[PDB]
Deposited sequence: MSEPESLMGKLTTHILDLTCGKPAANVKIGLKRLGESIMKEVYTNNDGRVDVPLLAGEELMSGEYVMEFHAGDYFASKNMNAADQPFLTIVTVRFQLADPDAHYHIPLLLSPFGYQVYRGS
């Protein structure tokens, strides 16, 4: 009964990044899920839980380019799809990986 959640903050305006598409995939495979953050910059249902959450490597494709585009970065943005690889060791643990995001930089961390 593990769990994988996330969270996006736009450091340009201190608000949660809303309606950003997030791709989810197992390492070496194709997208398996596609979600859009709510107003809190989170997703209602965990990105992964129970059976689903299998120990291994995953990748999340945060669509930063489109998000900043709507809030305005340019025709060929520096950040298009912020990609995040990570390995989930224990299948019964909680993994909260937020994303602090800016047009030209970002923080990826295992928060609480």
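- Gaps in the coordinates relative to the deposited sequence fall at 1-7, 80-81.
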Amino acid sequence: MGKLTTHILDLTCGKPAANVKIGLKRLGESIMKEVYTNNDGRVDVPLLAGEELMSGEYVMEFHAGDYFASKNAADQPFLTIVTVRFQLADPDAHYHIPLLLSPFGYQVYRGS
From here on, numbers count along this sequence of modelled residues.
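- Once the C-alpha B-factors are averaged per stretch, 63-71 and 49-57 rank with 49-57 first.
- Once the C-alpha B-factors are averaged per stretch, 80-88 and 26-34 rank with 26-34 first.
- When all modelled residues of the chain are sorted by CA temperature factor, residue 101 is found within the lowest third.
- Residue 107: CA B factor lies in the lowest third for its chain, per the PDB record.
- In the deposited entry, the Cα temperature factor of residue 13 sits in the middle third of values across the chain's modelled residues.
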